[PDB]
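# Observations on the model geometry
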Amino acid sequence: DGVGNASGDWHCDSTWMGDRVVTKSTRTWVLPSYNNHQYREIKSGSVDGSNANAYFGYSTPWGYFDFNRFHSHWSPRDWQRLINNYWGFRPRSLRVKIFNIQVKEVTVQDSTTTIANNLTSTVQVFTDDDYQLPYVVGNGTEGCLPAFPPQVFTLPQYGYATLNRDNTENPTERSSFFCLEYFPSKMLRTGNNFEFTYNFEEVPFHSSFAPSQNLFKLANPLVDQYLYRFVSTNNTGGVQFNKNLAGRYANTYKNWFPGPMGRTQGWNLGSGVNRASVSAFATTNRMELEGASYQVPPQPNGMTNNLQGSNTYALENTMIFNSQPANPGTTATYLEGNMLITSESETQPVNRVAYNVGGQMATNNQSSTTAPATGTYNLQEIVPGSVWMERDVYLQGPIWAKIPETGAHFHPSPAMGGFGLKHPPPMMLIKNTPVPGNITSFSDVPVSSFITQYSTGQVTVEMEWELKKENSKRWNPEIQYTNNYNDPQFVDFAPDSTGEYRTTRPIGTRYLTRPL
Amino acid sequence: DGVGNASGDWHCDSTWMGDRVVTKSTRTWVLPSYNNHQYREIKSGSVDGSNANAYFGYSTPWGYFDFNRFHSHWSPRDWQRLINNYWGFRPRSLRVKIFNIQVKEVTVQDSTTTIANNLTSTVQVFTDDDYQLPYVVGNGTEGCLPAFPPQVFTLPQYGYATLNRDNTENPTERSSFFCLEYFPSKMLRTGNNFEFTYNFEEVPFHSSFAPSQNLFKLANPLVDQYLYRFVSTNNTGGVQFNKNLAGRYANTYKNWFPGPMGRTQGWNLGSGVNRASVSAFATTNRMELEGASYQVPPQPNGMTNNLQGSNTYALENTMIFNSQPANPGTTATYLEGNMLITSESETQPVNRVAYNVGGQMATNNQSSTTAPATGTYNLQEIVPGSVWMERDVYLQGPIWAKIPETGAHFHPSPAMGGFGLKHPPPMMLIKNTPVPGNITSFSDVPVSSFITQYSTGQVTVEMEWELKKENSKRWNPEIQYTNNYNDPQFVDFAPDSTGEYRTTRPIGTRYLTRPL
Amino acid sequence: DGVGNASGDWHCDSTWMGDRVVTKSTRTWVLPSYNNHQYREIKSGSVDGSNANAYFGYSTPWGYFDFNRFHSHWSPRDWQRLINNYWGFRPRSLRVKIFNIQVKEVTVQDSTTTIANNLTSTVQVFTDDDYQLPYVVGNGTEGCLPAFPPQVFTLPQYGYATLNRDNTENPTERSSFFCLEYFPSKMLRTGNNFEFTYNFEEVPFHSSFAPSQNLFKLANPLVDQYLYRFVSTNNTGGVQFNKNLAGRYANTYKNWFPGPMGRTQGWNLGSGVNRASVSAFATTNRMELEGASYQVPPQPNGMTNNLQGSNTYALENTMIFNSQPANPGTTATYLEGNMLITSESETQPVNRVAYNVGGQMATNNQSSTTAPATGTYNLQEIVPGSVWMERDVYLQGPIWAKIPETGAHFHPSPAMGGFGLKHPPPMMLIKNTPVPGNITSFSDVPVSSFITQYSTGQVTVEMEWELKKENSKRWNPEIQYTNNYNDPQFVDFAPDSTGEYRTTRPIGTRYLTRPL
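Thresholds, definitions, all that
Residues numbered from 1 in each chain as written, not as in the entry; some residues may be left out. Chains lettered and ligands numbered in written order. Part of a larger assembly, values for the part shown. Heavy atoms only, no water. Helix = DSSP H or I, 4+ residues; strand = E, 2+ residues; numbered from the N terminus. Buried < 20%, exposed > 50% of the residue type's maximum accessible area, 1.4 Å probe, protein only. Contact = heavy atoms within 4.5 Å. Areas by Shrake-Rupley, 256 points an atom, 1.4 Å probe, with all protein chains shown as cover. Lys, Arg positive; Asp, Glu negative; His and termini not counted. Charge placed at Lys NZ, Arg CZ, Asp CG, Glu CD. Buried area = accessible area lost by both parts, 1.4 Å probe. Salt bridge = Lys/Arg side-chain N within 4 Å of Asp/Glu carboxyl O. Polar contact = N/O pair within 3.5 Å; in protein donor to acceptor, adjacent residues only side chain to side chain. Pairing = 2+ DSSP bridges. Least-squares fit on C-alpha atoms. Patch = residues over 30% accessible without salt bridge, like charges linked within 9 Å, V, L, I, M, F, W, Y side chains within 5 Å. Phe/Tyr/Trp six-rings, centres within 6.5 Å; stacked < 30°, edge-to-face > 60°. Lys NZ or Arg CZ within 6 Å of the ring centre and 35° of its normal. Nonpolar A, V, L, I, M, F, W, Y, C, P; charged D, E, K, R; others polar.

- For this deposition, the record names cryo-EM as the technique by which the model was determined and cites 2.5 Å as its resolution.

Next comes the structure, spelled out in structure tokens:
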């Protein structure tokens, strides 16, 4: 339309309408001109003594919008309203809007650096709707819409790794290059706006409740089982049985089993002595792939990293966030006091404890001459009639992940939590259209001098979520997420005296309970 | 209606109508007044040297109807008619009826103990249709409708365990209390009756056939494979191949694999020496959960506990029933002569043997200096292209189990056999409405003196089952379940001279065969 | 619309149409960027030796429009036309418009500080229609549309106090943070405008008349009462009566009583000696709240601060304005010559005098041995059959106050005068949308460098008022507000030689009289 008319309005809200809730968020973004308008091939060799660190890829001059964190859509208080009242939820639709664009030209003649706005410049924008480009959004990386609405953010630069050859920096004949200018995009001048809608594919509700019963003790403690059990042999070797009594859960027959587990190492937070001067890496859990060794946090779903009322944590089975945002490439050594360490202790009635052995079993064949022997195991995968709880979602965590296209997968639920999607919300890429400097003669060699500039604008995301109403018959009152602080020095989830947003705790999702 | 009119009739039957069969059972039940009308919080610490035995829960004054045993619906002879002719079956619907109620008041003045009937007293009854209460029915516990129709049974008391804290008797802030009087129930006087219907959710047919072929020998024994195999290296290290010949099953290429296995210990029944003076517990298979060690019979599906024509049994992978019903809390040491030990030997062509190693595999990397080494394994979970047979159903065993609500499970088929249901037949609870004794003054303190009483009545269950017709082209005659006894001293599955029902053998379900 | 077209026109007017009068005001406002775009948590401890001064709250980067002063809508001359002719009035509707916006960018490179206009920048605007935010408008604070139409004003910064803990600067777990960007707002570029309408809820007319009779002397001075009164006891103790004569008002029986009073201290203005070297604070009237002592001017309604034709003023029961506007945070010691001290002397026939005792009453029980004793009181609250006059409204005073939501209040009429409203004219907030400076690299840390800028525009308020026509039968002429000055050196309510607006007197509202 025009220069003196606004292309959209500010919307931040939450509208609860029974079975649905609609969240809206608007933020102000700024977009730098990345790479100075060109593609570069980026690469690395073996860094920090690990060739799993090697890669080969491309950085592009595009930036993208990333809103795959819950705090980008939920306020602390609406999150509390959700986890204290519902049993589950899932995303239904998405609507995005980019508007009020402003391109600024920057000129640094004689160290004066003046910023003027360029009314005729454009930004290009497109969404990759067929998933033809490497999807980098759901991998726990930075650059999402901020938690707090008044914050202004920088869009991150799009880049991707393709195939490297033999754990070195070199490409292979299969490494691909994707040119993003090879997709159709819209061009927007200062009076233009971009709009985009999306519907999620039917996914299972997240389970925002904790189990009120232990999986191995579902039998009625008042009645005995009509099943018996082998309990020994007499002085001659003949077998003897005993009836499974009422409430002797250590012996009853079971119908269901706990989920898969792979033992992780346990460390003590706060009080609780640990081995001094250790170097985690050398002894962490790894998986090999293409000849290299990778750490695999947070480990696959089906375990619990903490046992309620204990300070031992299987740290690599844990999501660890920082209480605040950090600068790029920081190598500082943070301590427990700076972190937001999550705990999955409310799944312990169903998920095995990560730092303990998973059980034991027969190692030999007993005979008149050999005594029965058993041996414990450290890992155990899926068996039939197995049940576990998926990892929890936090307000500061990720909403979805793309399920990789390979044609074969098992139980597509991402290790970091959230929804696993075949076709997730498409990537939205954006860049400042290049504007050439003063060029006076002809050359077949591509132009390399540009006017420096950047853009800024507003972005609105509108998500509809479907809720699963809590339907309990528990008599006594439940546990609820509550604002409880002893002698607060500042309000949590609010700006402090400096104006910086504070958050002292990770807020999970399981407060309500249910009988198994 | 009224005192002198009966509220229902007696129905026991079986109606076969092609693809369906409808069973009806009526029994006479008696209901004691449990706990003297009050809820109690029950609990236990570490019993028998195992804190997996600890719990915290509640007993209620309610009793419930449990008809989750096949012999509650099938006569020995109809069961035989089913397993000798069909390939499978599954439950379709359920209809329950409680009628002809009679409340009796018991007065023990001067050691005379007279029983009179109280025409104005009620029983309360309800079904938990939304599964809001801890479901205790499918956990192999006692108190089901009896096998034999003339038997009168006592309804069991409803109780449940909730969460205990740290393997001790104490509750946690998440432990829940469920008050059952907090549901809507019907009240029945002597002229009233209760009726309830239910439809099962589409489940897979049980497979009542044994495989006529071994899974590893599905190739035609007359033709060779067009695939080759590595057979050695020559004096220089160069690799050599050999064609896979006709009928050399030890080498053919396979497409499918046997199901998951976890080695269990094997013991000899009858003839066959075992290690003398053993104490099973210390070396049985265990799974850890919340810091405690639990035995897990019958182990997960996918194994066979016995090898046909052998007396070695992997006893913990076995369902062991008693030939007769036992008294509550018996600590007697039964011998093989008293038991009904089931055998899954007819799945051996597809399921690995529980007391043997599961296979072996590469442990190193061979080179000119090291010889290839291999190591056996004792457990192996699911892999792709795995096939196994679920555990069999017995006439004296369980029909269904509730699949626990956790949001994540794999292959919901219960270890003890039967159908795994998301929404199983709802629990039916019943209790004698309390009647206060002589109270002459007012008190804010709840009444604690009641008239003692009990009730009795009839209960009819009507189930429709769908059958899968056997469609074989086998030429020679099949194996059938048959009444074969050498010199019977009494008729089996009949009352003896005392009037007590006899059953000398577990009747499984696989007699018919099928080619894989 | 566009850059070269104006978004609205200038309207200043007054249209009298019988029973209604419509006022319109347009002003030019300027809006600074407050706090540099961020929220800050502001707080204070015990200041000036009083912990009632402690608080905890938040300043925001928003500013707001405040038109809750009568002089924002009335000219001195229309005010005179209102108070000389009507008996009352009340507000009926409100219409607001913000237009002709202009955002200016300010750059201070090399001490040149140049101001350019930025055609693409926005201001955000919204009205809090559900009263979800702390309402700070009706609390006698600065920043309203100016009295004189040519004046340009700065919008004040929105801030609020929430709960502090124990009269200290610390918050409590109940202290709330309100993010204003969490409401939906409009964005306006230089061609846009915002419009908003509101209807007041039916309120009682203000009473702009003075009583022509004294409340205790409503009886006809020509007739005696048919009631008698106790006047003494004879030498034996027997009681004696006397008839209440005609016009002896000191004794008649009364039907109605004066309003509530709490004694305030009286000081002499002009001529009239006061105690020398006093420090008011230590002896002013206070109310305790949460453990702290607060001064409570102007005291609750129902008293008169001055007795007509006297120079004694109960200064804390008085509204004291300054003859001119002052700078922020001035600690100057003003003298009577600089003030506009209001007087409520025209309510004296009905309201008790604040610096005098309120009356007296029985303190003992007389008997043959004790003489009747009495004791005066300093405070007396509401009794049944009590009548008083509310405080007057001045041209330089406040129009409305929000009645606090607590569920319980008595006679919601604000101490400072005006209308008390359940749902008052919603707050209108406005801010300059932030525009980021030159950002060249990505960071997850929020942007903190902005282009400095400010905005300006016009604002039009249109209020409809309903009038109550004066309907007197007084014969002789009334008192009227009149422009009377002996030897004027300058015209009052006009700009002086410097161009600054002068106002030498507070203009109340009661000139007309009425018989009680």
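## Quick notes on the overall build of chain A
- Counting its secondary structure elements, chain A contains one helix and 34 strands.
- Seen through its C-alpha atoms, chain A measures out along the principal axes to roughly 105 × 55 × 45 Å.
- Expressed as a percentage of its 516 residues, the buried residues of chain A come to 56%.
- In chain A, of all internal contacts separated by at least 6 residues, the share reaching a separation of at least 24 is 74%.
- With an accessible surface of roughly 21500 Å², chain A has 48% of that area assigned to carbon and sulfur atoms.
- Averaging the positions of the 38 positive and the 42 negative side-chain charges in chain A gives two centres separated by 9 Å.

## Overview of the interface of chain A and chain C
- Counting residues at the interface gives 61 residues for chain A and 52 residues for chain C.
- Of the roughly 4600 Å² buried where chain A meets chain C, counting both sides, 54% is carbon and sulfur surface.
- A per-residue breakdown of the area chain A buries against chain C is headed by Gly4(A), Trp10(A) and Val152(A), which together make up 13% of the total.
- Put simply, chain A and chain C have one salt bridge between them.
- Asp487(A) serves as the salt-bridge partner of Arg165(C), at 3.1 Å between the closest nitrogen and oxygen.
- On inspection of chain A and its partner chain C, the count reaches 21 residue pairs in polar contact.
- Every element with two or more residues in the side of chain A that touches chain C is listed here: β1 (13-17), β2 (20-31), β5 (86-107), β6 (114-117), β8 (152-154) and β33 (453-469) of chain A.
- In terms of residues, the side of chain A that touches chain C owes the most to one element, β5(A), which gives six residues.

## Remarks on the sheet that holds strand β15 (residues 239-243) of chain A
- Spatially, β14(A)-β15(A)-β24(B) is the arrangement adopted by the three strands of the open sheet, whose pairing is antiparallel. In the strand order of this sheet, the two ends are held by β14 (228-233) of chain A together with β24 (334-335) of chain B, each with one partner.
- Pairing geometry for β15(A) and β24(B), over two bridges, is antiparallel. When the sheet's bridge partners are listed, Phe241(A) is paired in β24(B) with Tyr334(B).

## A look at the relation of the copies chain B and chain A
- Under the fitted operation, chain B is carried onto chain A by 0.0 Å of movement along the axis and a turn of 120 degrees, and the coordinates agree to an RMSD of 0.0 Å. Within this description, the copies of the chain are treated as partners about a three-fold rotation axis.
- A low fraction, 5%, of the interface residues of chain B reappear at the interface in chain A, so the copies pair through non-equivalent surfaces.

## Here we look at a nonpolar patch on the surface
All names here are of chain B.
- Residues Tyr228, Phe230, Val239 and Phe241 make up a contiguous nonpolar surface patch of roughly 450 Å² in combined accessible area.
- Broken down by secondary-structure element, the contributors of at least two residues to the nonpolar patch are β14 (228-233) and β15 (239-243).
- Position of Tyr228 relative to the elements: it lies in strand β14.
- Residue classification places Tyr228 among the partly exposed positions, given a relative accessible area of 43%.

## Describing the packing of aromatic side chains
- In the structure shown here, the tally under the stated rule is 87 aromatic pairs over all chains.
- When the centroid spacing of 6.0 Å and the interplanar angle of 50 degrees are considered together, the rings of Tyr58(C) and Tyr160(C) count as tilted. Of this pair, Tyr58(C) sits in strand β4 (residues 55-65) while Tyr160(C) sits in strand β9 (residues 157-161); the two residues are 102 residues apart in sequence, bridging distant segments of the chain.
- Classification of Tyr58(C) as buried rests on a relative accessible area of 0%.
- Judged by its relative accessible area of 5%, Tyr160(C) falls in the buried class.
- Three or more aromatic residues link up through ring pairs in this structure, and these residues are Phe148(A), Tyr501(A), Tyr39(C), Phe56(C), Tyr58(C), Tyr64(C), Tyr158(C), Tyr160(C), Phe177(C) and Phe178(C).
- Taking the ring centre of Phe99(A) as reference, the NZ or CZ of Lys97(A) above it sits at 5.3 Å.
- Positioned over the ring face of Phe281(A) is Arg286(A), at 4.2 Å from the centre of the ring.

## Quick notes on the interface of chain B and chain A
- Residue-level contacts link 122 residues of chain B with 104 residues of chain A.
- Contact between chain B and chain A buries roughly 10000 Å² in total, counting both sides, with carbon and sulfur atoms accounting for 57%.
- Ranking the residues of chain B by area buried against chain A places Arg174(B), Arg275(B) and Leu289(B) at the top, with a combined share of 8%.
- Where chain B packs against chain A, one counts three salt bridges.
- Residue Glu142(B) is joined to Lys243(A) by a salt bridge in which the shortest nitrogen-to-oxygen separation is 2.5 Å.
- One can count 59 residue pairs in polar contact joining chain B with chain A.
- It is strand β9 (residues 157-161) of chain B that contributes the most residues to the side of chain B that touches chain A, five residues altogether.
- Per-class residue counts for the side of chain B that touches chain A are 61 nonpolar, 45 polar and 16 charged.

## Here's the deal with unusual backbone geometry
- Following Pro297(B), the chain continues into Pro298(B) via a peptide bond in cis, with omega recorded as 0 degrees.
- The residue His37(A) is not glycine, and still its phi comes out positive at about 75 degrees.
- Following the sequence through the fold, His37(A) ends up in the loop between β2 and β3 (40-44).
- Not every positive phi belongs to a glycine, and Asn100(A) is a case in point at roughly 45 degrees.
- Relative to the helices and strands, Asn100(A) is located in strand β5.
- By relative accessible area, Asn100(A) is classed as buried at 1%.

## Side note on the sheet that holds strand β32 (residues 408-410) of chain B
- Read from one edge to the other, the open sheet built from three strands follows the order β16(A)-β29(A)-β32(B), with strand pairing classed as mixed. Unpaired on one side and paired on the other, β16 (257-258) of chain A together with β32 of chain B mark the two borders of the sheet.
- Strand direction decides the pairing type here: strand β29 (residues 386-388) of chain A and β32(B), joined by three bridges, are antiparallel. Following the sheet pairing, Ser386(A) is matched in β32(B) by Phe410(B).

## Structural notes on the arrangement of the chains
- Most contacts, when the two pairs of chains in contact are compared, are made between chains A and B.
- Between chain B and chain C there is no contact; the minimum C-alpha to C-alpha separation amounts to 22 Å.

## Topic: the relation of the copies chain A and chain C
- Superposing chain A onto chain C requires a rotation of 72 degrees together with a translation of 0.0 Å along the rotation axis, leaving an RMSD of 0.0 Å. Interpreted geometrically, this transformation is the action of a five-fold axis. The position closest to the rotation axis in chain A is occupied by the C-alpha of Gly2(A), lying 6.0 Å away.
- Little of the interface of chain A is mirrored in chain C, where only 5% of its interface residues again form contacts.

## Topic: helix α1 (residues 76-83) of chain A
- Those residues of α1(A) that fall on the buried side of the exposure criterion are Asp78(A), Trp79(A), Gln80(A), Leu82(A) and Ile83(A).
- On its buried face, α1(A) is in contact with β1, β5, β33 and β34 (512-514) of chain A.

## Observations regarding the pairing of β4(C)
Residue and element names in this part refer to chain C.
- Across the 11 residues that make up β4, a large majority, 10, are buried.
- Summarising the sheet, strand β3 (residues 40-44) and β4 pair through five bridges and their orientation is antiparallel. Across the sheet, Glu41 pairs through a bridge with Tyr58, a residue of β4.
- Relative to β9, β4 is paired through four bridges, and the arrangement is antiparallel. Paired with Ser59 across the two strands is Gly159, which belongs to β9.
- Bridge analysis of β4 against strand β32 (residues 428-432) gives three bridges, and the strand direction is antiparallel.

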